[PDB]
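Numbering (PDB author numbering), first residue to last: 331 to 550.
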């Protein structure tokens, strides 16, 4: 591996899942309305049914009334599909969206853990560099106390270990992070796929039912 590449993967993940979290919040809001409308598309269709019935009282003629009731009932099936659909599509997406935020949301805590570590590392690197420059400065003074040169040496050497170790941890945190990303995405498909299946089944019956309703009331 290479140190640049590990940071390149860091900045990428952090930006991407910031875009995604804020995105997920917008799709969630979209859901909240969708439940609310499906609730009241249904009321929309209660009125609709009511008018058909309200018009079968003021006509009665034999070959118009028969279809007219069938149509009220048809409408009540559509009314019903609207109610159904809040728990099909709306509920299914709304639950997985919230869930993806939890998973991004956990990877924000994981980041913060590293991020304090990075912030410490830069202090450790600018301290090391200052010290390394102080030794150089003494050399071209022309006169050095060798005591202080050795006191600087000891702090230079301790900071060299601190940097070497800290950089090592960044790589393996990053390798973990790759595995983490790679796991995370795989889960997000499995999440969506099950959710989709749950939908697929329910949706096929709910519509099968509309078609059956249609046949009954087509044949009048």
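Built from N, CA and C at the ideal position, the CB exists for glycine as well.
When the Cα of residue i is compared with those of the options, which residue comes out closest?
i           : options               : result
residue 429 : 535, 514, 533 and 331 : 514
residue 427 : 521, 528, 533 and 527 : 521
residue 431 : 354, 545 and 334      : 354
residue 347 : 433, 516 and 410      : 433
residue 509 : 375, 421, 437 and 374 : 437
residue 455 : 485, 439 and 473      : 485
residue 363 : 343, 472 and 419      : 419
residue 539 : 343, 352, 407 and 391 : 407
How would you write the range of the alpha helix (DSSP H) that residue i sits in, first residue to last?
i           : result
residue 447 : 421 to 469
residue 483 : 476 to 548
residue 389 : Unbroken run through residue 389: none, as it is neither H nor E.
residue 416 : First-last for residue 416: undefined, no H or E at that position.
residue 352 : 333 to 385
I'd like the list of long-range same chain contacts for residue i, defined as Cβ closer than 6 Å, with 5 residues on each side in sequence excluded.
i           : result
residue 547 : 400 and 404
residue 372 : 409, 412 and 413
residue 370 : none
residue 378 : 405
residue 507 : none
Output needed for residue i: all residues of its chain with C-beta closer than 8 Å, excluding positions within five of it in sequence on either side, in chain order.
i           : result
residue 550 : 396, 397 and 400
residue 339 : 504, 507 and 508
residue 544 : 404
residue 333 : 497, 500 and 501
Going by other Cβ atoms of all chains shown within 10 Å of its Cβ, with 16 needed for buried, is residue i buried or exposed?
i           : result
residue 448 : exposed
residue 368 : buried
residue 393 : exposed
residue 469 : exposed
residue 375 : buried
residue 366 : exposed
residue 422 : buried
residue 417 : exposed
residue 415 : buried
residue 453 : exposed
Ignore the nearest five residues each way along the sequence and tell me which others in residue i's own chain have a CB closer than 7 Å to its CB.
i           : result
residue 424 : 358 and 361
residue 336 : 500, 501 and 504
residue 386 : 395, 398 and 399
residue 457 : 489
Should residue i be listed as close to the ligand MN, given that the test is whether its C-beta is under 6 Å from any heavy atom?
i           : result
residue 465 : What this structure holds is no ligand at all, so the ligand MN is not there to describe.
(message) Using a Cβ distance threshold of 8 Å, determine whether the segment 439 to 458 contacts the segment 491 to 504, with at least three qualifying pairs required.
(response) yes
(message) I'd like to know if the segment 486 to 500 and the segment 452 to 467 are in contact, where contact means that at least 3 CB-CB pairs between them fall below 8 Å.
(response) yes
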